[PDB]
Amino acid sequence: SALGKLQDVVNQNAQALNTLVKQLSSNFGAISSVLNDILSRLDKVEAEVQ
Amino acid sequence: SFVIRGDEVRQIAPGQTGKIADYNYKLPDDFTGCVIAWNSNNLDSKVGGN
């Protein structure tokens, strides 16, 4: 119960890295969240905008 | 300067693809310049085929 101070520091840094990695699944308005997928669906100038 | 058919003029732009852009005349992606085109049927066509 008292060690929650040290466990919270371990938990916060783990949640922050999992959030940073999960944000690679996001589109941000692009046609796909996968970078090779964009490069296959579209030609050079349209792919560059996505 | 060159001659092409009226369907092909859209291949003369930065980052395009197709038979003219692929095998005949390619513009760079960083192209600074102007593309000027006009129909020349009155000079460049002939009966039986030019």
# chains A, B, ... in the order shown; residues from 1 in each chain; ligands from 1
$ interface_residues --of "chain A" --to "chain B" --cutoff "9 Å" --atoms "only C-alpha atoms" --output "number ranges by chain"
A: 43-45
$ write_last_selection --atoms "N, CA, C and O atoms" --output "PDB file, in the first residue's frame"
ATOM      1  N   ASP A  43       0.290   7.271 -56.447  1.00  0.00           N
ATOM      2  CA  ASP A  43       1.493   7.697 -57.169  1.00  0.00           C
ATOM      3  C   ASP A  43       2.200   8.865 -56.452  1.00  0.00           C
ATOM      4  O   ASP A  43       1.590   9.574 -55.648  1.00  0.00           O
ATOM      5  N   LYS A  44       3.489   9.069 -56.744  1.00  0.00           N
ATOM      6  CA  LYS A  44       4.463   9.867 -55.973  1.00  0.00           C
ATOM      7  C   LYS A  44       3.916  11.147 -55.336  1.00  0.00           C
ATOM      8  O   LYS A  44       4.027  11.314 -54.127  1.00  0.00           O
ATOM      9  N   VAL A  45       3.332  12.051 -56.118  1.00  0.00           N
ATOM     10  CA  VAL A  45       2.865  13.357 -55.618  1.00  0.00           C
ATOM     11  C   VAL A  45       1.652  13.237 -54.692  1.00  0.00           C
ATOM     12  O   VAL A  45       1.557  13.970 -53.713  1.00  0.00           O
TER      13      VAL A  45
END
$ residues_around --residues "residue A:41" --least-positions-apart "6" --cutoff "10 Å" --atoms "only C-alpha atoms" --output "list in words"
residues 31, 32 and 47 of chain A
$ write_last_selection --atoms "N, CA and C atoms" --output "compact mmCIF listing (two decimals), in the first residue's frame"
# COMPACT_ATOMS: atom_id res chain seq x y z
N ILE A 31 -5.02 8.42 -45.81
CA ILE A 31 -5.73 7.27 -46.41
C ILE A 31 -5.50 5.94 -45.66
N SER A 32 -4.37 5.81 -44.98
CA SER A 32 -4.00 4.65 -44.15
C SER A 32 -3.05 5.10 -43.04
N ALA A 47 0.88 10.38 -52.88
CA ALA A 47 1.45 9.71 -51.72
C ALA A 47 2.17 10.70 -50.80
$ atom_distance --atom1 "atom CA of residue B:6" --atom2 "atom CA of residue B:32"
23.3 Å
$ residues_around --residues "stretch 11-22 of chain A" --least-positions-apart "6" --cutoff "12 Å" --atoms "only C-alpha atoms" --output "MDAnalysis selection string"
chainID A and resid 4:5 33
$ residues_around --residues "residue B:21" --least-positions-apart "4" --cutoff "12 Å" --atoms "only C-alpha atoms" --output "list in words"
residues 4, 8, 9, 10, 11, 12, 13, 14, 15, 16, 17, 25, 26, 27 and 28 of chain B
$ atom_distance --atom1 "atom CA of residue B:36" --atom2 "atom CA of residue B:5"
14.0 Å
$ atom_distance --atom1 "atom CA of residue A:50" --atom2 "atom CA of residue A:30"
5.1 Å
$ select_by_dssp --residues "chain A" --states "alpha helix (DSSP H)" --output "MDAnalysis selection string"
chainID A and resid 4:22 35:41 44:49
$ decode --residues "stretch 19-44 of chain A" --atoms "N, CA and C atoms" --output "CSV table (one decimal), in the first residue's frame"
chain,number,residue,atom,x,y,z
A,19,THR,N,1.1,4.6,-25.0
A,19,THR,CA,0.4,5.7,-25.7
A,19,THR,C,1.2,6.1,-26.9
A,20,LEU,N,2.5,6.4,-26.8
A,20,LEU,CA,3.4,6.8,-27.9
A,20,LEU,C,3.4,5.7,-29.0
A,21,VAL,N,3.4,4.4,-28.7
A,21,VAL,CA,3.4,3.3,-29.7
A,21,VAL,C,2.0,3.1,-30.3
A,22,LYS,N,1.0,3.2,-29.5
A,22,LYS,CA,-0.4,3.1,-30.0
A,22,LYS,C,-0.7,4.2,-31.0
A,23,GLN,N,-0.1,5.4,-30.9
A,23,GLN,CA,-0.3,6.5,-31.8
A,23,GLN,C,0.3,6.2,-33.2
A,24,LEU,N,1.0,5.1,-33.4
A,24,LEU,CA,1.4,4.7,-34.8
A,24,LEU,C,0.3,4.0,-35.5
A,25,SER,N,-0.8,3.6,-34.9
A,25,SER,CA,-2.0,3.0,-35.5
A,25,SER,C,-2.9,4.1,-36.0
A,26,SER,N,-2.8,5.4,-35.8
A,26,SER,CA,-3.7,6.5,-36.1
A,26,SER,C,-3.5,7.0,-37.6
A,27,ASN,N,-4.5,7.4,-38.2
A,27,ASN,CA,-4.5,8.0,-39.6
A,27,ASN,C,-4.1,9.5,-39.6
A,28,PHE,N,-4.5,10.3,-38.6
A,28,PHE,CA,-4.4,11.7,-38.7
A,28,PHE,C,-5.0,12.4,-39.9
A,29,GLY,N,-6.0,11.7,-40.5
A,29,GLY,CA,-6.6,12.1,-41.8
A,29,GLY,C,-6.0,11.5,-43.0
A,30,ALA,N,-4.9,10.8,-43.0
A,30,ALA,CA,-4.4,10.1,-44.1
A,30,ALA,C,-5.2,8.9,-44.6
A,31,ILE,N,-5.0,8.4,-45.8
A,31,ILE,CA,-5.7,7.3,-46.4
A,31,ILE,C,-5.5,5.9,-45.7
A,32,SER,N,-4.4,5.8,-45.0
A,32,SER,CA,-4.0,4.7,-44.2
A,32,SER,C,-3.0,5.1,-43.0
A,33,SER,N,-3.0,4.4,-41.9
A,33,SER,CA,-2.0,4.5,-40.9
A,33,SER,C,-0.7,3.8,-41.2
A,34,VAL,N,-0.6,3.0,-42.3
A,34,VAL,CA,0.5,2.2,-42.7
A,34,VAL,C,1.2,2.9,-43.9
A,35,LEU,N,2.5,3.1,-43.7
A,35,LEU,CA,3.3,3.9,-44.6
A,35,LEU,C,3.6,3.3,-45.9
A,36,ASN,N,3.9,2.0,-45.9
A,36,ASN,CA,4.1,1.2,-47.2
A,36,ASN,C,2.8,1.1,-48.0
A,37,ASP,N,1.6,1.0,-47.3
A,37,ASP,CA,0.3,0.9,-47.9
A,37,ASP,C,0.0,2.2,-48.7
A,38,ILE,N,0.2,3.4,-48.1
A,38,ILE,CA,0.1,4.6,-48.9
A,38,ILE,C,0.9,4.6,-50.1
A,39,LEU,N,2.2,4.2,-50.0
A,39,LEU,CA,3.1,4.2,-51.1
A,39,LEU,C,2.7,3.2,-52.2
A,40,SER,N,1.9,2.2,-51.9
A,40,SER,CA,1.3,1.2,-52.9
A,40,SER,C,0.0,1.7,-53.5
A,41,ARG,N,-0.9,2.4,-52.8
A,41,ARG,CA,-2.2,2.8,-53.3
A,41,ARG,C,-2.1,4.1,-54.2
A,42,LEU,N,-1.1,4.9,-54.0
A,42,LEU,CA,-1.0,6.2,-54.7
A,42,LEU,C,0.3,6.4,-55.4
A,43,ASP,N,0.3,7.3,-56.4
A,43,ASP,CA,1.5,7.7,-57.2
A,43,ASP,C,2.2,8.9,-56.5
A,44,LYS,N,3.5,9.1,-56.7
A,44,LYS,CA,4.5,9.9,-56.0
A,44,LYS,C,3.9,11.1,-55.3
